[PDB]
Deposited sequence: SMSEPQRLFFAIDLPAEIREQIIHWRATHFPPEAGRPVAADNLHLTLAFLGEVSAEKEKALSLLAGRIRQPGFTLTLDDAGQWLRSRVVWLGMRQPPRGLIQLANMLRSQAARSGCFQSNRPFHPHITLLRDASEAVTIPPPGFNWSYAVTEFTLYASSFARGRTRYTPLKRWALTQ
């Protein structure tokens, strides 16, 4: 029984620019930085999932026939209630919203509690103070080619993400 979620990943090049930007614009006291390799955009969080339910949800995810799409990170902000600082998009691509909505619907149909989708990439956690939010860096834009089912585990004091399955988008 594992804590699962579907997510979209970032090319190493973009991840590197994001952490250089983050270091440049937020002092250590602004919050706890998410490790560069852990940067991602969650599509659907499934919570704890049995091996049997995982197999079923995976089969459903394999039904998805979604065209590849381009993701351009033009927005950033802070949500004080969950105490995170994130990167996002002013107008998320239709393909992203469609993919997330399908996976959340599949999850909901399968008894994995959901809720509205606000796609974002969390850069800092435990950000309890309002900080100045600069625009993101220039040209953080890339083709999304697939999505991935991850298992999340926590030890020790650290969150670890293990990829379980990937599904290509069409093109």
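- Absence of C-alpha coordinates is noted for several segments of the deposited sequence, namely 1-4, 120-121.
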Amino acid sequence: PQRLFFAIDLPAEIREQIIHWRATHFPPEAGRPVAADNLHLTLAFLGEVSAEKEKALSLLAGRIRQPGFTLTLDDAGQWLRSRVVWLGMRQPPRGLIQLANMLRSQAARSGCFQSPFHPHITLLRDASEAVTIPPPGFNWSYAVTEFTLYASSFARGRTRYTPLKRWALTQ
From here on, numbers count along this sequence of modelled residues.
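- Stretch comparison (141-149 versus 44-52) by mean CA B-factor in the PDB entry places 44-52 on top.
- Of the two stretches examined, 12-20 and 153-161, the record assigns the greater average C-alpha temperature factor to 153-161.
- Which of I121, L60, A35, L124 has the largest Cα B-factor in the deposited entry comes down to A35.
- Per the deposited record, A30 carries the highest C-alpha B-factor of all listed residues (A30, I64, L39, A107).
- Per the deposited record, the Cα B-factor of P136 falls in the middle third when ranked against the other modelled residues of its chain.
- When the modelled residues of the chain are ordered by their C-alpha B factor, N101 lands in the middle third.
- When the modelled residues of the chain are ordered by their C-alpha B factor, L80 lands in the highest third.
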